[PDB]
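Asks: Sharing a structure below in structure tokens format, with a few things to ask.
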Amino acid sequence: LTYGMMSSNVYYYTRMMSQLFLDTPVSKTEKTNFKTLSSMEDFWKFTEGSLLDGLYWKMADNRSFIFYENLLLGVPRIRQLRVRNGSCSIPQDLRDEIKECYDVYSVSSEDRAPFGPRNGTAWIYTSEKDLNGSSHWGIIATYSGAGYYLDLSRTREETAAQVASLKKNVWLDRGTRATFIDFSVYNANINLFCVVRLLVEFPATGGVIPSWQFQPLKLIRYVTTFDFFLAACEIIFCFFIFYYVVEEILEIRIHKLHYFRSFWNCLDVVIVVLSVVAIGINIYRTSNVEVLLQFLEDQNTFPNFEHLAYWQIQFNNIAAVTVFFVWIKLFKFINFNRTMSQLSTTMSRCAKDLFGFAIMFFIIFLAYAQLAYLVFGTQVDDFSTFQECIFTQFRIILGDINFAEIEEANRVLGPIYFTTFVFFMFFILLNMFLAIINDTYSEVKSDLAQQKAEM
Amino acid sequence: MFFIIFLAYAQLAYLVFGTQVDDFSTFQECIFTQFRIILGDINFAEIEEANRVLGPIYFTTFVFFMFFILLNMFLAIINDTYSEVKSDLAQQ
Amino acid sequence: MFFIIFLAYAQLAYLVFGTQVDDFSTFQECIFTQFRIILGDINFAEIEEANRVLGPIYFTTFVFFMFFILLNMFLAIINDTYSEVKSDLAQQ
Amino acid sequence: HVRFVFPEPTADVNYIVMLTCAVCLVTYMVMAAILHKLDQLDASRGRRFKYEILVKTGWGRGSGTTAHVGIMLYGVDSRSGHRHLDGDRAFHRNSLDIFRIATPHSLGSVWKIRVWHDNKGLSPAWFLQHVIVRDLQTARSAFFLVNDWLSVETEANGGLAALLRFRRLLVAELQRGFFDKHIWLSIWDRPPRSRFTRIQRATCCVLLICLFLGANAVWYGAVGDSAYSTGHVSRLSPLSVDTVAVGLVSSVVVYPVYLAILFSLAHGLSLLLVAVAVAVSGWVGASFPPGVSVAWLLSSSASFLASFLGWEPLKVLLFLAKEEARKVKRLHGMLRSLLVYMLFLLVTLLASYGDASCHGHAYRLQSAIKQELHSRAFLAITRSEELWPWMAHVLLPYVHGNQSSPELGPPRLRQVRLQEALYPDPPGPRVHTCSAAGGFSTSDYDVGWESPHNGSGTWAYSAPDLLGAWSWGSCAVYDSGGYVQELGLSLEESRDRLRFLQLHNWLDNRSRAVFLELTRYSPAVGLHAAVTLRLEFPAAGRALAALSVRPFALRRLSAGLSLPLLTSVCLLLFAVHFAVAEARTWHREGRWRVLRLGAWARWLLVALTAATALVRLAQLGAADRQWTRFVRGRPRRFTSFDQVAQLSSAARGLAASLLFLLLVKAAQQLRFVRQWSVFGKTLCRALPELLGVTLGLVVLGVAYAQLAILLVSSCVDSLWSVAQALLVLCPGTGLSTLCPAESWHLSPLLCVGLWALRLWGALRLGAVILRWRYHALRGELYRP
Ligand SMILES: CCCCCCCC/C=C/CCCCCCCC(=O)O[C@H](COC(=O)CCCCCCCCCCCCCCC)COP(=O)(O)OC[C@@H](O)CO
Ligand SMILES: *[C@@H]1O[C@H](CO)[C@@H](O)[C@H](O)[C@H]1NC(C)=O
Ligand SMILES: *[C@@H]1O[C@H](CO)[C@@H](O)[C@H](O)[C@H]1NC(C)=O
């Protein structure tokens, strides 16, 4: 099943799409691309620019084949999320030289009023329910599914005219907070849709933060014989899961009411729970293909495929975790000679001590992480968030770090932090684990050999 | 056991990052990237931006269980065997 | 013993990658490149391109047998010598 | 017309309530373990005062029976209970048992005692003098027997038979149930042979604390449809009628549910109830402005104090023994130390992580300021004539180019002359940082240069300010003095002033420094940012650029009772307490004890706490002074803010260091588990060998660093063959830039030496020691 779902090289599909849209410079004279956007004028140059070049390919109003294989489904859609003027309080002694400040993005401080030349949907607020949208959880914050949206055209000239009209009557002012661009392609050669979403965040403090998402999906599954084979395998997997559930329930109900001091029964229930969640997600997702049917009967409208991509990502994560745990479960059966039994005995005997020391090790690790976050968290770009500090220290263990950046943030306490971290991490904490493991292995082997040879 | 765990991690990384990173685009590529991670010559920016959750988890868990639990077991086995051999030969 | 095994790998690398990679062009380049690999300075791009099979095999086997077995044998000797010296001093 | 209103907040989160609740739950987690240990100590077992005087009276005839006796006697922080003992005689008729047990009856020399036997049948006519005790270790009793006779099993009263009055019956209970029913101060005063389990009491106490917090949070976040419960009359400052009036009401209304569980299933019910209480408190905590969280904390503290002193005091109106006593005393000491440490940790966490929302915004603000000011372009200038074009093309459009985050104050340029015009080295090879430094000029100069006609020069010295200076340049330390140029207010006049300065040789002659720096405000996140741009000029044609953007939050001392003020005063009190304790110990328990570790860590902690509190207070005062100076008038006055940012950074660093020390000490105290005490022991048992190994490693690293820089200095373009491959450089700059020209600072040497020590496996030698030690300690706790 995992080989079937992880199909042949679809890496090149998303690679070509990304390199077409992300790595292309915004203009023949500029050197900036989407990945390195700097300001709002750069965004405007990209919109009427590399985006239009990569979207419409020339070959009554013929359709667009992006690589002469990828078919552009419907039209792309652009959307904007902005806050309102007056959602922001300033000190009364400063209300003489400054008049306008805009709060950070929040559902309570959103703007829901017409602005500019109020003619169409680009200057009128449309609710999330009316847009069939949902949250996104971007980088700065989690954005709603509503805003001011515009549906582009099928040809390049009309889309360029629409973008020029949007730019002339200023559409991205200081009140804007997020911008989304969405579209999809088919690529009929293989059977694999692709959904593209580009997001640009305008934080209150200033700047531009870009992000992208290219996701391949399969919604017409049953086409070839391998598809029927995969369906049969999925049904067999469902039968296996049902059998495991029945066995687990029967073998916990008849006796063994404790059932949890084994670690080979908790793993089974974890695997069962994850697999049942995956089955439920797949069942709920595969039946919601009504958007495809709605689009196929009218191919001049934006197709909504974001929910399917989100659920596909969730299903992929769940399946990966489930297969990892199923592979881990193999340790229960590798006991077939005196050599492999004593290693398992050593691991099981040293697990308690390893956990006991790992508690202290993680406490010290988090002390280092919090100190680094509080000291370097505003200047280094690698300690800006707590989890980023944890990952940075884990990379420091590997030696994948730049010492130049940490010392120039603080001449003192900079070298001290790195020096003490490396010393106390490689000279003390790394050796106690070895001491414990070696002592446990030595005692296990010694007692086993002495009781076996004196019997 | 070490290679069982290694292959489990490689399969997890192939399923998670198999379409975006290009260092996990193939199973053998996943194995080679995992061997290179020990050498500490990876990026971690592309793999963190490919999956904000379950991406860093994989990296941190792999590093912890690879430098703290697995190398020390090899060295403990070697130490114990060497000590036993030396004692046996000295007694001989 | 370690130098014997090191020379075996150096000769294998020279005979395999000695005409495309430019890091194994001469024998001393092979030796220095392997020493640099021990200190974590691998490239792995030219090695992969020059030989898709027997290229990754060399790298993986070298890393495994160098960072898990061979370099873990000096420490066993040092540990046993320390234990014997401490025991002798305590007894005397 | 009150009902209830749903807060319905944004996605923001308030960390004060969450931190307080987490602390209050983890402290109970530790309480449960400690109290369970003490209970199992006193579960089955344990169910000077005694001297060598005649404690038996065998002259009586038929004056005894098989029963038990007891003696109730209280005193100054001393009490007792009952007694039960027997031997072979089984309490025969008129048995004279001159013996005493190791009872906890450590009473004083007071004339208050009540001795009562057990009425084994009818009323006994026994006439025994007393259990006489005169002096054994401390002489806690008096050698006098009253031989008073009471009724059947009646408590015969005496000093060191029909008295039934409130002056004796109820006043006797003023010391009996005084501290047993006072549930707060009763976890270490539980009389034995009772069904309390010492875990129900702690569960009820945490129930009370959690419900106090929840009620106060609900009142401050939901019931606010009367006086906006914010700003109008409920000011953050203590009004004495809004902070305590809510705590007392919350305690009164929460007693009815607390009294419902008193003396099974109560444990789970209390667990789920405190879970829902903390959940609702966290949910309502989001709608909390920063000025009302301090009020909520004060209300909670006042409610706890009132419950501890207001209602519970009136609630009552409705061989092997020495080691056991030492162990229980140690447990009590550990318990009170745990409480004090938990309070200290909560105070430190509030001081450091009080404002965690601004920490994420400050980084983005400073990054945006750097990227919008063309930091790379400014940092790459080397000639003293491109500064004016850079200002013309970058800085001026940034100040008068109306956009987000207004400047809030005009910029300024400050120069030092040095009066010692330097002869520059010919261009080409670099010079070692800077050289040929003299003195700083102070005289005045008119338009152009030195030319006084009538009075003082047009370009006055503008003497340095008392507070706020010392930028700490690349190779010099400056102040806040120097000739200043206002740069103008409007864009048009700024151009004219810049041209006037360029044409009149304002900088070309000496050119020591420029000091371009104004300010910047961001009201969306409420953060200020001090921007400093400096051009340090070692010699003519040699330029060193420095850019520093420091974001901070302007918290003023005049704002009232801010959270930093409360944390600072609490830290000062804690530091005073610790200093007094350590000084008392150092003065009483001997002298000259500084020879060993343990008398240094406490002093370090005291110094760190005092430094944190004083730095925070100084930052508040400096911010208030600067704001008061700036507000009085802003036509063109500069009123820099660099000192406030530096003080804020120092305070944050000190708080982080204190929290680090507290977390390390918390990790240390994990040894109290039976099987987890070995680890730290080995770490403190292998210290000399580790110190010897690290001395050897220091010598080896110094040797390598000497070897590794005497041949990288030979950079040119080809170092060697062996030295190029078998060489280690610490992480960063994988392809070496070589040629350490005037950049072989101390830090890179330590970096490269320490990293080279690891790669070669020199640090793994530590295992060789540690393993052996771990093999010895673990064998000394199995057999013996
Ligand atoms: C010239 C006179 C004195 C010169 C002195 C200069 C020596 C320069 C520093 C040496 C280190 C100190 C002794 C360390 C040896 C004891 C400890 C030890 O060897 O560690 C093991 C092997 O490591 C290693 O690389 C081992 C590298 C070689 C070091 C072993 C000693 C070789 C000595 C052969 C002849 C000596 C007698 C003749 C001298 C007259 C495991 O490591 P680790 O898991 O952490 O892997 C991390 C991975 O990144 C590095 O491979
Ligand atoms: C923004 O709102 C303020 C009042 O808060 C008003 O003075 C200003 O004119 C508004 N800006 C506009 C109209 O763009
Ligand atoms: C949302 O979906 C409905 C179909 O259920 C469709 O009629 C409507 O046009 C969609 N919304 C937009 C903005 O197109």
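As shown in the structure tokens, the chain order sets the letters A, B, ...; within each chain, residues go from 1, and ligands are also counted from 1 in the order they appear.
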Return as a PDB file with N, CA and C atoms, in the first residue's frame the residues belonging to chain B that are within 12 Å of chain D, counting only C-alpha atoms.
Replies:
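For reference, part-v8.pdb as written:
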```pdb
ATOM      1  N   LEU B  39      27.390  12.633   9.806  1.00  0.00           N
ATOM      2  CA  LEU B  39      28.511  13.511   9.491  1.00  0.00           C
ATOM      3  C   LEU B  39      28.174  14.986   9.657  1.00  0.00           C
ATOM      4  N   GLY B  40      26.898  15.334   9.805  1.00  0.00           N
ATOM      5  CA  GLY B  40      26.504  16.710  10.027  1.00  0.00           C
ATOM      6  C   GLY B  40      26.770  17.645   8.866  1.00  0.00           C
ATOM      7  N   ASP B  41      26.413  17.230   7.654  1.00  0.00           N
ATOM      8  CA  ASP B  41      26.583  18.043   6.452  1.00  0.00           C
ATOM      9  C   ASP B  41      25.259  18.175   5.711  1.00  0.00           C
ATOM     10  N   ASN B  72      26.919   4.253  21.849  1.00  0.00           N
ATOM     11  CA  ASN B  72      27.378   3.805  23.156  1.00  0.00           C
ATOM     12  C   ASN B  72      27.203   2.305  23.328  1.00  0.00           C
ATOM     13  N   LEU B  75      30.158   0.679  21.532  1.00  0.00           N
ATOM     14  CA  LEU B  75      31.396   0.823  22.290  1.00  0.00           C
ATOM     15  C   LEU B  75      31.372  -0.015  23.563  1.00  0.00           C
ATOM     16  N   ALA B  76      30.205  -0.152  24.197  1.00  0.00           N
ATOM     17  CA  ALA B  76      30.097  -1.007  25.373  1.00  0.00           C
ATOM     18  C   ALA B  76      30.367  -2.464  25.022  1.00  0.00           C
ATOM     19  N   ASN B  79      34.120  -2.812  24.421  1.00  0.00           N
ATOM     20  CA  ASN B  79      34.857  -2.736  25.679  1.00  0.00           C
ATOM     21  C   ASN B  79      34.747  -4.036  26.462  1.00  0.00           C
ATOM     22  N   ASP B  80      33.525  -4.550  26.611  1.00  0.00           N
ATOM     23  CA  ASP B  80      33.330  -5.770  27.386  1.00  0.00           C
ATOM     24  C   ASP B  80      34.042  -6.953  26.744  1.00  0.00           C
TER      25      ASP B  80
END
```
Asks: Please list as a VMD selection string every residue within 12 Å of residue 27 in chain B, counting only C-alpha atoms and excluding residues in the same chain fewer than 2 positions away.
Replies: (chain A and resid 3 6 8 to 9) or (chain B and resid 6 to 19 22 to 25 29 to 34)
Asks: Please check which protein, DNA or RNA residues sit within 8 Å of ligand 1, counting only C-alpha atoms and all ligand atoms, and write them as an MDAnalysis selection string.
Replies: (chainID B and resid 39 71) or (chainID C and resid 38:40 66:68 70:75 78) or (chainID D and resid 700 757:765)
Asks: Could you list, as a VMD selection string, all residues that come within 10 Å of ligand 3? Count only C-alpha atoms and all ligand atoms.
Replies: chain A and resid 121 126 to 133 146 149 to 151 290 to 291 294 to 295 301 to 304
Asks: Using only C-alpha atoms and a distance of at most 12 Å, pull out the residues of chain A that contact chain C, as number ranges by chain.
Replies: A: 398-400, 435, 438
Asks: Could the residues in this selection be saved with N, CA, C and O atoms as a CSV table (one decimal), in the first residue's frame?
Replies:
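Just written: selection-v5.csv:
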```csv
chain,number,residue,atom,x,y,z
A,398,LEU,N,25.6,18.2,16.2
A,398,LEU,CA,26.1,17.6,15.0
A,398,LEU,C,27.3,18.5,14.5
A,398,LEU,O,28.0,18.0,13.6
A,399,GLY,N,27.5,19.7,15.0
A,399,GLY,CA,28.5,20.6,14.4
A,399,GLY,C,28.0,21.4,13.2
A,399,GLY,O,28.8,22.0,12.6
A,400,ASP,N,26.7,21.4,12.9
A,400,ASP,CA,26.2,22.1,11.8
A,400,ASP,C,25.6,23.5,12.4
A,400,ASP,O,24.5,23.6,12.7
A,435,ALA,N,28.3,5.0,30.4
A,435,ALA,CA,28.6,4.3,31.7
A,435,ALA,C,27.4,3.4,32.1
A,435,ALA,O,27.6,2.2,32.4
A,438,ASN,N,27.0,0.4,29.5
A,438,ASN,CA,28.1,-0.6,29.6
A,438,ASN,C,28.0,-1.4,30.9
A,438,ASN,O,28.2,-2.6,30.9
```
Asks: If we count only C-alpha atoms, which residues of chain A reach to within 7 Å of chain D? Please list them as JSON, numbers by chain.
Replies: {"A": [88, 90, 101, 102, 103, 104, 106, 107, 108, 204, 205, 206, 207, 356, 360, 363, 364, 367, 371, 374, 375, 378, 379, 384, 399, 400, 401, 402, 403, 404, 415, 426, 427, 431, 432, 435, 439]}
